[PDB]
Number of protein chains: 2
Amino acid sequence: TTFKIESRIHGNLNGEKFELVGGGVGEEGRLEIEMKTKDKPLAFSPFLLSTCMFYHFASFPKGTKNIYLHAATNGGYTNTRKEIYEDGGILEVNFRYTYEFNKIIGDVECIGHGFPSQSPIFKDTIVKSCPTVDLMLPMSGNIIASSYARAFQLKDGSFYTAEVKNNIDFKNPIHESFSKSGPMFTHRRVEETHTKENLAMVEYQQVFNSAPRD
Amino acid sequence: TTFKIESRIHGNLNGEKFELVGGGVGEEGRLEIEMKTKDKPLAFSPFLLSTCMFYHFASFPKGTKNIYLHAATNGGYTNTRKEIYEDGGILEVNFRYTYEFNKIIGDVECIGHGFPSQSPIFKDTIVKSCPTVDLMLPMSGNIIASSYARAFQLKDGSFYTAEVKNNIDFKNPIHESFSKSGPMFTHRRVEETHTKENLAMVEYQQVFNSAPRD
Ligand SMILES: [Cl-]
């Protein structure tokens, strides 16, 4: 069902700190969240922060339990991400969560560096984030390593791309219904409406493990 | 849509040349192919050659034309792949095709290097290729750049992984029905039955551009 979402994103990009706070709601397969910067507007494209703005809200295939919600009741998990952009920019993000009754509170530490002055994040030319399909592999030690390529679409129609990897670290064994004989995939897409002071987004996540058609 | 397939794979891995010849059949969404080595058995795991063993046989979403089959009618295309394995192994592959009435003849150049002695491909511990979901981006200059992570499952249940990138070079414009405002995805899975002398497999490919569920 539904849960309240609360989040704080803090860190710095190329040396300048920034902070956002906000929240929203999420259900199986969909979440909406709004956040606002504190003290000043972002010095870079807010689209760079869409992925920083809750794996718990994905729909799972019949037969597989939502491992993130299960973990929330069993010690939890953290996610550590690294995004490597084609122009050398690197975004490193760490996600930590605290749970309260009917509420998930995110604490996001985001460090970006190596972004050149000519980067689209400074020209403010990104107009939207394109969908992704992530590959997830359960590995020894209660870990899931995931990987996927990502693209932002720019004003002129060309793309600004990145290679992303995530290491989801669970406190306790990942639910047994999540098969360990192969990987699963997560399709993600967002609908963004941002300014350098107020970020708003709707996100749809779907975990699947078979071709879409027969 | 049943076409005859023929192929020849030639190259070398860590300095030793190898060659395979064979063929099979393909249709929208499915292909089957068998090949045998020439002169000697493979000096490494045959599973490393599954991906070397025809994008034309993918099923496309309603409203989008099969761009590979269309290209076959207007100048063609080539594909250049690079697979980077987690242990340093690098597989570089170039795909070229020639068309006859109802037949596609592939000529594949496969160069592998940097694989350490302890690699699963020499221990022969790979038991199967896991499914993948590729992200495809049309770029300027009649090109499609694709990327995805790939995994082999080993005898003990653990995985041997690689990051893969592909550059599909079309002689002429990619069919217009293939939207350029965003990426499309291709889910691929294979069923393998290999020996170091005879390789056989069935492959299912499905292009899609929306979440698998509502
Ligand atoms: Cl040789």
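Looking at the entry header, you'll see X-ray crystallography listed as the method and 2.30 Å as the resolution.

## Section: the overall build of chain A
For chain A, the helix and strand inventory stands at 2 helices and 13 strands. By the compact-globule yardstick of 17 Å for 214 residues, chain A fits well, its C-alpha radius of gyration being 17 Å. Counting only C-alpha atoms, chain A reaches 45 × 40 × 30 Å along its principal axes. When the accessible area of chain A is evaluated, it comes to approximately 9,300 Å², of which 48% is carbon and sulfur surface.

## Comments concerning the relation of the copies chain B and chain A
Placing chain B over chain A gives an RMSD of 0.1 Å and needs a rotation angle of 180°, together with 0.0 Å of translation along the axis. In short, the pair behaves as if placed about a two-fold rotation axis. Relative to the rotation axis, the closest C-alpha in chain B is found at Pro212 of chain B, a distance of 2.6 Å. The residues that chain B uses at the interface reappear at the interface of chain A in 100% of cases, marking a shared surface.

## Focus: the pairing of strand 11 (residues 159-170) of chain A
Relative to strand 11 of chain A, strand 5 (residues 77-85) of chain A runs antiparallel, the two sharing 9 bridges. Looking across to strand 11 of chain A, one finds that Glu83 of chain A is bridged to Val164 of chain A.

## With respect to the interface of chain B and chain A
The figure often quoted for interface size is the accessible area lost as the parts come together. Contact residues are listed per partner, giving 35 residues for chain B and 35 residues for chain A. For the pair chain B and chain A, the summed buried area comes to about 2,600 Å², and 61% of that belongs to carbon and sulfur atoms. Interface area lost by chain B to chain A is led by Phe159, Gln206 and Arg213 of chain B, which between them contribute 22%. Taken together, the links from chain B to chain A amount to 0 salt bridges. At the junction of chain B and chain A, the tally comes to 12 residue pairs in polar contact. The biggest single contributor to the side of chain B that touches chain A is strand 9 (residues 132-139) of chain B, with 6 residues.

## Overview of the environment of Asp156 of chain A
Residue and element names in this part refer to chain A. Its place among the elements puts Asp156 in the loop between strand 10 (143-154) and strand 11. C-alpha of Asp156 to C-alpha of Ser117: the two residues are 39 residues apart in sequence and 19 Å apart in space. A polar atom in the side chain of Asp156 sits 2.7 Å from the side chain of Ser158.

## Focus: the layout of surface pockets
The volume enclosed by the largest pocket comes to roughly 760 Å³. Counting residues per element, the ones that place at least two in the lining of the largest pocket are strand 5, strand 9 (132-139), strand 10 and strand 11 of chain A together with strand 5 (77-85), strand 9, strand 10 (143-154) and strand 11 (159-170) of chain B. Counted by class, the lining of the largest pocket contains 18 nonpolar, 10 polar and 10 charged residues.

## Description of the pattern of salt bridges
Opposite charge on two side chains lets them pair, provided their charged atoms get close. Applying the stated criterion to the full structure yields 16 salt bridges over all chains. The closest approach of N and O atoms between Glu19 of chain B and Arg8 of chain B, which form a salt bridge, is 3.4 Å. Residue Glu19 of chain B is located in strand 2 (residues 16-27), and its partner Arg8 of chain B is located in strand 1 (residues 3-13); the two are separated by 11 residues in the primary sequence. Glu19 of chain B sits in the partly exposed class, given a relative accessible area of 25%. For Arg189 of chain B, the salt bridge goes to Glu191 of chain B, with nearest N and O atoms at 3.0 Å. Judged by its relative accessible area of 33%, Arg189 of chain B is partly exposed. One network of salt bridges, with partners in common, ties together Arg8, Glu19, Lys38 and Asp107 of chain A.

## Here we look at the packing of aromatic side chains
Residue and element names in this part refer to chain B. By the definition in use, this model includes 31 aromatic pairs over all chains. With a centroid separation of 5.6 Å and 50° between ring planes, the pair formed by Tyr85 and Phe115 is classed as tilted. Pair noted here: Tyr85 is in strand 5 and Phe115 is in the loop between strand 7 (103-113) and helix 2 (120-123), with a separation of 30 residues, a long-range link. Accessibility assignment for this pair places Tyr85 and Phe115 in one class, buried. Ring centres of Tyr85 and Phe152 lie 6.2 Å apart, and the angle between their planes is 10°; this geometry places the pair in the stacked category. Taken together, the residues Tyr85 in strand 5 and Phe152 in strand 10 connect sequence positions 67 residues apart. Here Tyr85 matches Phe152 in class, with each residue buried. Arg188 extends its terminal NZ or CZ atom over the ring of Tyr55, reaching a point 4.3 Å from the ring centre. Positioned above the aromatic ring of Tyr204, the side-chain terminus of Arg189 is 3.9 Å from the ring centre.

## Overview of the environment of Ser158 of chain A
Residues and elements named next belong to chain A. By the secondary structure assignment, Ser158 is in the loop between strand 10 and strand 11. For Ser158, a relative accessible area of 31% puts it in the partly exposed group. Counting along the chain gives 96 residues from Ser158 to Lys62, while the straight-line C-alpha distance between them is 38 Å. In this view, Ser158 contacts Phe152 and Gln153; residues no more than four positions away in its chain are not counted.

## Re the side chain of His187 of chain A
On the secondary structure map, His187 of chain A appears in strand 12 (residues 184-194). On the accessibility criterion, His187 of chain A (3% relative accessible area) is buried. Discounting chain neighbours no more than four positions away, the residues touching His187 of chain A are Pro131, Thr132, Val133, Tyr204, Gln205, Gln206 and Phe208 of chain A together with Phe185, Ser210, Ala211 and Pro212 of chain B.

## Quick look at unusual backbone geometry
One non-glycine residue with positive phi stands out, namely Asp39 of chain B, at about 70°. Within the secondary structure, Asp39 of chain B is located in the loop between strand 3 (30-37) and strand 4 (58-59).

What counts and how
- Residues numbered from 1 in each chain as written, not as in the entry; some residues may be left out.
- Chains lettered and ligands numbered in written order.
- Heavy atoms only, no water.
- Helix = DSSP H or I, 4+ residues; strand = E, 2+ residues; numbered from the N terminus.
- Rg over C-alpha atoms; globule rule 2.2 N^0.38 Å.
- Areas by Shrake-Rupley, 256 points an atom, 1.4 Å probe, with all protein chains shown as cover.
- Least-squares fit on C-alpha atoms.
- Contact = heavy atoms within 4.5 Å.
- Pairing = 2+ DSSP bridges.
- Buried area = accessible area lost by both parts, 1.4 Å probe.
- Salt bridge = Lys/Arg side-chain N within 4 Å of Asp/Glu carboxyl O.
- Polar contact = N/O pair within 3.5 Å; in protein donor to acceptor, adjacent residues only side chain to side chain.
- 1 Å grid on protein atoms, 1.4 Å probe; cavity = no way out; pocket = protein on both sides within 12 Å on 5 of 7 lines; lining within 4 Å.
- Points joined across faces, edges and corners; volume = space filled by probe spheres on them.
- Nonpolar A, V, L, I, M, F, W, Y, C, P; charged D, E, K, R; others polar.
- Buried < 20%, exposed > 50% of the residue type's maximum accessible area, 1.4 Å probe, protein only.
- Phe/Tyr/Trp six-rings, centres within 6.5 Å; stacked < 30°, edge-to-face > 60°.
- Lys NZ or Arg CZ within 6 Å of the ring centre and 35° of its normal.

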